[PDB]
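Quick notes on the structure that follows.
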Amino acid sequence: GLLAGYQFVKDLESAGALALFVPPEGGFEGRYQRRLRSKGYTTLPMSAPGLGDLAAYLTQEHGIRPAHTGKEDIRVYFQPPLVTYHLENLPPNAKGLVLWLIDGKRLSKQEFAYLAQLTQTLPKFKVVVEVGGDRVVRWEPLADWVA
Amino acid sequence: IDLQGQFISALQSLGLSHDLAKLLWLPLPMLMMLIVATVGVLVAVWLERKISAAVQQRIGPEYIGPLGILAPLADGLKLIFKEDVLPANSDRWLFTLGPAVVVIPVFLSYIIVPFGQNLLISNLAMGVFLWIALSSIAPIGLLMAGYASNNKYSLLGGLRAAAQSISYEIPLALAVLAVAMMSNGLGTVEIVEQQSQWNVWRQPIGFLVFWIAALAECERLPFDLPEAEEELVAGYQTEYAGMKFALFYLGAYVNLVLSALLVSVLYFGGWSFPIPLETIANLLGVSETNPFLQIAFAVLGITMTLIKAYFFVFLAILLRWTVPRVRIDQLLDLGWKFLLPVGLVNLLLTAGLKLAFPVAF
Amino acid sequence: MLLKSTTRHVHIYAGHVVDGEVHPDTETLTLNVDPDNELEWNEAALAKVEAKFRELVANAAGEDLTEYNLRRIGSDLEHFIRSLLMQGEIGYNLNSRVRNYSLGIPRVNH
Amino acid sequence: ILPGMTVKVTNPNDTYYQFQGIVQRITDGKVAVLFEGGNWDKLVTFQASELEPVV
Amino acid sequence: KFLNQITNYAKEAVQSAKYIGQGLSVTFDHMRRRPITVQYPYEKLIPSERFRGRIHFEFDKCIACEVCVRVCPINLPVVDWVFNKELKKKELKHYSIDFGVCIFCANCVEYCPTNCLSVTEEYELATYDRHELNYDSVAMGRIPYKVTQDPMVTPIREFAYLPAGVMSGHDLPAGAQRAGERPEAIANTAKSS
Amino acid sequence: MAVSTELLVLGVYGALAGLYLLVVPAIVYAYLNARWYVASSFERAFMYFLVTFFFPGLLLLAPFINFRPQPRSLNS
Ligand SMILES: CCCCCCCCCCCCCCCCCC(=O)OC[C@H](CO[C@@H]1O[C@H](CO[C@H]2O[C@H](CO)[C@H](O)[C@H](O)[C@H]2O)[C@H](O)[C@H](O)[C@H]1O)OC(=O)CCCCCCCCCCCCCCCCC
Ligand SMILES: CCCCCCCCCCCCCCCCCC(=O)OC[C@H](CO[C@@H]1O[C@H](CO[C@H]2O[C@H](CO)[C@H](O)[C@H](O)[C@H]2O)[C@H](O)[C@H](O)[C@H]1O)OC(=O)CCCCCCCCCCCCCCCCC
Ligand SMILES: CCCCCCCCCCCCCCCC(=O)OC[C@H](CO[C@@H]1O[C@H](CS(=O)(=O)O)[C@@H](O)[C@H](O)[C@H]1O)OC(=O)CCCCCCCCCCCCCCC
Ligand code: SF4
Ligand code: SF4
């Protein structure tokens, strides 16, 4: 209604995994991320189309192989879990760590269900997934919207 | 109605030193004209961006507001929050003053914009001549913006700007001269009340001269030399960042709504729905103290002023995308070699026709 | 005119910053490690970088003041900064800024 | 409609109308058809209804 | 001597006035035509049939012959094989392509022998972190976007898929075909007389 | 018995204000959103004049309007 309170943060703390439906101009959902960040939660957006199993990238380790281009024969990096490493590097008084996914449309229903289930375990970890859609910034729990 | 009468009377009913009430009323029109000037600036920016898009088979701003209505608001608020820069060896006080000297006298010339009779701030006796005098301070602002810069790029732009704003001040005065010949005077209300049944039909050359000179005030792409991006980067504006640059961005569209309203009042008239309206005695209206008819004719006069101001704003921001630019020397030949001779010729012709046929002049 | 080697988190000039200006000098070789705060610094790491800068400008220089040699010094300073970041003496800023790991991602040293 | 089968497209409102390809992958009800043609094998995703298992 | 100069001046001034009036009329006419703007976020332009978008990779079809690495202009695709010792079969452990370095020339897709590698119509790649552009063997399949199956986009054909004589693709009916007949239709007509 | 013209003029321009910045601007939005891609040249000029005249009213209720394309039936 042209100005929003803090219902978004309450709904995220309740459900755990939301599924935004931002308008396809991308300037009207950043304020909701700012609302999240002002409460104490820290965000980190990582553009879902480009993650692997979503279990090797978020929970376990994974060997990233950079682009050798004729030189520098194949080498692996083993970057740490993109979540367990950011839960340790939270600010002192941090309420949690929510994970923002920009292009959630590219993922599949299986990966959505996985991201929903991952919220219950691993306590200080919420999830927002900008599934594209409606002409107003509406949300809906990510456990729903599937099946 | 005479809202001033009611205001001062109702304010004197509770005492408050009747002579002091007249001082407590000046802010009312002095800020009503500011409001209409700011709305005119927003309208001019929006019209430019949305008409240049239609001319080019395009669509202007549409994701800001419903129709890009909030586009000038966003473009202004951004420039408010922008960090202001002041380069290394530039002067510190002529820098932040150029964009204000180029703006203050453009606002001050709104004293004389009528918008219907008794609907203007203090119809002055000097009227249009005061505007001719006040429009000669902006070259000081451009010389000030150029002299207070360590950038030789922008001093050369300030000079070629201050040398264009003085080239189109003699014909712009020789057109108003021929208008004031017929107008019997200089005050804008007295200039327009000679249209009682339009000066464009009797000054068909002075109209052209006035309009060309006003468009050549470093305003439109016909000329816009200090803003001609390709030949030189922004000229003198190339070093102003925040609100100091928004003062240039703003003092160039108010200087366009002003000229549109002035062409309207000089050659067409901010009154007079074309038929001689005040000869609507056929509805047996006692205009004199008719409580309404007054408000109806007020609205008609405001609409008829805005129609003919919008006509010229439209035509100017249409010529912007129709006429090719001239270098700087084909520009300085319009004034002093075509506009000044034709201005003198129009003045002499109006004089000869006023001396021979004093009726209709 | 200035002669400079400006890259990310290294900015070598050929003048003296008196209050914010630069003023080309022909022998000052100022240095401006990490202006945009891509990394978080310590007192020991900045001292190591200054010492490397000194031993790089003083111990190996009898050559011209072309911009080529300035770039050649800046490249070595930035390789030293990247080595410091690899060993772990410093780290990325993690602040709410752009956060693009320009010197490499965090890995686990296997 | 299973992967590996050769299918054609039956949807008059699509740029790939009456094209023929092979099903590479099916997930979440939607399929992915590979049109081997021209020079570079194209792969586009269709609904399960905009195909026809040509023999 | 002096009259010819003046008649030339008049013939130049009136010509310059007419050639400004004509342009003014042309520009005032231009604002009646429908804008050709393809209002991208809600009017995405449907790509061609050969558009070279993001590469798609079927892990099951890859045999690890590395021709994708060999015909690449920059030898980009990282292929990590191990050569199991059952009889001779190579085993694929990790296939990847840094789309930040990618050139989208599709030489890799042209020379894949097993049709394991293909092009898509995903031109909407953009990230805040380039290290997220290195696609795993799993982040590459991902069932491409298909602009047409989007509830908030009205697809717009480009110039090569519009019927004969049609130039713009905005005010289009719901039954248009590309330009002419396909080969099977022409052969079927030729079959009957 | 407040039939005084001193009150009737207040009523008429209090209604005029609402008509100028609350009522006609919405009609201008509606009309100019309907006939935008089909309007002729003179009609375009008149539409822009309409926006120019009522701009103070168009600004007030601009933030309360969505012109987004109203998601379509996808399966069809
Ligand atoms: C960004 C750009 C746009 C932003 C808008 C500006 C912000 C202000 C928003 C407020 C708008 C509400 C006001 C309602 C308008 C009716 C008030 C009116 O007409 O009042 C008129 C009175 C009249 O004044 C008296 O008018 C009398 C007679 O009229 C005279 O007026 C002229 C002088 O001769 C004519 O020539 C006429 O013949 C002549 O008789 C005498 O002259 C008196 O001396 C004089 O005091 O003045 C007055 O108080 C008027 C003083 C207030 C000025 C505000 C006017 C706003 C324009 C609204 C136009 C609406 C058009 C139609 C709206 C519906 C849509 C179709
Ligand atoms: C204790 C702390 C105190 C601090 C003070 C600060 C607080 C501020 C107080 C509140 C702020 C209110 C601001 C505006 C209120 C409106 C006042 C007004 O209504 O003031 C009325 C004024 C005054 O003029 C009127 O003038 C006539 C009276 O005559 C006298 O009025 C003038 C003053 O004397 C002239 O001198 C005139 O010659 C003189 O005879 C009228 O009948 C009224 O009496 C009189 O008020 O109207 C005019 O000045 C005419 C100018 C308006 C004309 C409108 C045309 C509108 C433009 C169209 C709008 C759309 C534009 C968008 C598109 C634009 C594109 C170009
Ligand atoms: C000489 C004097 C001159 C002085 C100069 C005057 C200066 C004026 C400065 C003020 C100008 C501000 C204009 C704002 C317009 C606008 O916001 O754009 C409208 C847009 C359009 O999107 C909207 O968003 C909605 C969709 S959605 O939900 O946001 O996604 C939907 O409504 C649709 O997209 C669209 O309507 O709204 C937004 O996108 C979200 C921005 C939120 C705006 C905040 C509300 C305004 C509050 C003001 C502060 C009050 C403080 C007290 C409140 C408790
Ligand atoms: S996809 Fe083709 S080119 Fe690439 S490794 Fe497999 S067989 Fe070789
Ligand atoms: S698109 Fe070009 S750069 Fe990328 S893998 Fe194919 S051939 Fe190599």
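Along the chain as shown, residues are numbered 1 onward.
Determined by electron microscopy, 3.2 Å, according to the entry header.
A Cβ is built for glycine as well, from the same backbone N, Cα and C atoms used for every other residue.
Taken verbatim from Swiss-Prot:
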type    : residues                              : note
DOMAIN  : E:53-82                               : domain '4Fe-4S ferredoxin-type 1'
BINDING : E:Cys62, E:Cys65, E:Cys68, E:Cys112   : [4Fe-4S] cluster 1 binding site
BINDING : E:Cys72, E:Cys102, E:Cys105, E:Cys108 : [4Fe-4S] cluster 2 binding site
DOMAIN  : E:93-122                              : domain '4Fe-4S ferredoxin-type 2'
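Selection of the binding-site residues E:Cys62, E:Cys72, E:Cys102, E:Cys105, E:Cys108 by a Cβ distance under 6 Å from ligand 5 yields, in sequence order, E:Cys72, E:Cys102, E:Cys105, E:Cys108. Secondary structure by DSSP for the domain '4Fe-4S ferredoxin-type 1' (E:53-82): 4 helix, 7 strand, 19 coil. Same-chain residues that are not part of E:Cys72, E:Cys102, E:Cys105, E:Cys108 yet have a Cβ within 8 Å of the Cβ center of the [4Fe-4S] cluster 2 site turn out to be E:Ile55, E:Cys68, E:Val71, E:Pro73, E:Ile74, E:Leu76, E:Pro77, E:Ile97, E:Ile103, E:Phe104, E:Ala106, E:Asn107. Other residues of the chain with a Cβ within 8 Å of the Cβ centroid of E:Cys62, E:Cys65, E:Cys68, E:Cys112, the [4Fe-4S] cluster 1 site, are E:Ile63, E:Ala64, E:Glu66, E:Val67, E:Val79, E:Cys108, E:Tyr111, E:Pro113, E:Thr114, E:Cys116, E:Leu117.
Same-chain residues lying 6+ beyond the ends of the domain '4Fe-4S ferredoxin-type 2' (E:93-122) with a Cβ under 8 Å from its Cβ atoms: 47, 51-59, 61-63, 65, 67-68, 71-74, 76-82, 130, 133-137, 140, 144-147. DSSP assigns E:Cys108 ([4Fe-4S] cluster 2 binding site) to a helix in the three-state reduction.
Among the binding-site residues E:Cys72, E:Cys102, E:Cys105, no residue has its Cβ under 6 Å from any atom of ligand 4. Taking only the Cα positions, the spacing between E:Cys112 ([4Fe-4S] cluster 1 binding site) and E:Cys72 ([4Fe-4S] cluster 2 binding site) is 11 angstrom. Looking at E:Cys102 ([4Fe-4S] cluster 2 binding site) and E:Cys65 ([4Fe-4S] cluster 1 binding site), their Cα atoms lie 20 Å from each other.
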